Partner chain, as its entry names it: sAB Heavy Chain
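We begin with a single chain expressed as structure tokens, specifically the form solved without the partner chain.
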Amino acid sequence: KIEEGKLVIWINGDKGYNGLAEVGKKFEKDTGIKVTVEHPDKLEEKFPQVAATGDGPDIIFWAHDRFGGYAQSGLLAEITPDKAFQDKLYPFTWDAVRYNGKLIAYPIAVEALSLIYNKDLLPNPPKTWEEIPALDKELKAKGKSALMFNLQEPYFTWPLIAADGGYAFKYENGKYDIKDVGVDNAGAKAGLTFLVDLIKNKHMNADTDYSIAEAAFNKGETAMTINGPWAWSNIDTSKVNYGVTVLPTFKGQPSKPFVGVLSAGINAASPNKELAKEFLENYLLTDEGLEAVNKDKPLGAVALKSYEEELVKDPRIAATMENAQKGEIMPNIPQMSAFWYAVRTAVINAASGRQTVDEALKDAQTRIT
């Protein structure tokens, strides 16, 4: 069922799959093994279905959070890097890919949202969310707007929802207590209420998604956006003098983005486990392999030490790390999927008015518990 003698790789369409395919063509020239990199839609969701019948790719790229539910279903193979290999990657990134004491993926890069702003429109970015309404009113009198970011994915609204005390699963005594969910406490209501109020006051539009926000910022129509380092590539080609900075505070407290480690898992049903190890270990996790991916769409801060040491002199990488340092590393427990689909419905319903903030978050909390 999965075909023997070639590597099929899945990676999400916002990452540098072209640069990854350049690593796969160096691999193919060298080994004779054909490598096809693909980016299907909803791939985080297609993988557990197809791979359960034992199908799907040999290697799946995603943030570590969805990988514990994959491992729990026994859909990921235990990777086998020797100690020499592990020492080239930061020890905390291995932690994100451990499940029941076993490494279940190769960590690639550490991702956090940042505030991206157009210095032409706004040379001094706002340090607080509370000053954003006024900022929009001034900018609209010039035919611009203050802020446009992707509201259809809770990943993007979570930093605000958690700033005042929202949380996913409380971390106590070295586990994630799965009956203690903080999506419906006073912090979560305050943060999501602020976002809803911005929409109600015409400062943002509730339908805005990733394409809409990305185009508005890159055509210089909005002053600010919130996005990861993969988005820097299209800003660079497109004329906007931009900066990358700390997320604005809410009620004095730092915005707390969920930090994701982009990771490579090996399908349990794959017959090419030994080849996937060769590609990931000796081709991708190279200075050259990561540069090939990085030149297509930036990775952020990377798990590989040798390459990170020249990536950290980049101001934007420092801002990414500070925003990451102020947030929380995502848990990889299997309940993460239910959490994300619950918060997603909660944010879309609250944003549009389909539900009040209080019962949208109350419904989100019953579904996680």
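Positions refer to the first chain, counted from 1.
K.L.:
Do the CA atoms of 79-87 or those of 291-299 have the higher mean B-factor in the entry?
P.N.:
If you average the C-alpha B-factors of 79-87 and of 291-299, the larger mean comes out for 79-87.
K.L.:
Would you determine, from the values in the PDB entry, which of 179-187 and 148-156 has the greater average C-alpha temperature factor?
P.N.:
The stretch with the larger average C-alpha B-factor is 179-187.
K.L.:
Classify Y341 as lowest, middle or highest third according to the C-alpha B-factor given in the PDB entry, relative to its own chain.
P.N.:
Middle third.
K.L.:
Sorting the chain's modelled residues by C-alpha B-factor, tell me whether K34 ends up in the lowest, middle or highest third.
P.N.:
For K34, the deposited C-alpha B-factor lands in the highest third.
K.L.:
Can you tell me whether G143 has a C-alpha B-factor in the lowest, middle or highest third compared with the other modelled residues of the same chain?
P.N.:
Tercile = highest for this residue's CA B-factor.
K.L.:
When the deposited Cα B-factors of this chain's modelled residues are ordered and cut into thirds, is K326 in the lowest, the middle or the highest one?
P.N.:
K326: CA B-factor falls in the middle third of its chain.
K.L.:
Looking at the temperature factor on the CA atom of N18, which third of the chain's modelled residues does it land in?
P.N.:
Lowest third.
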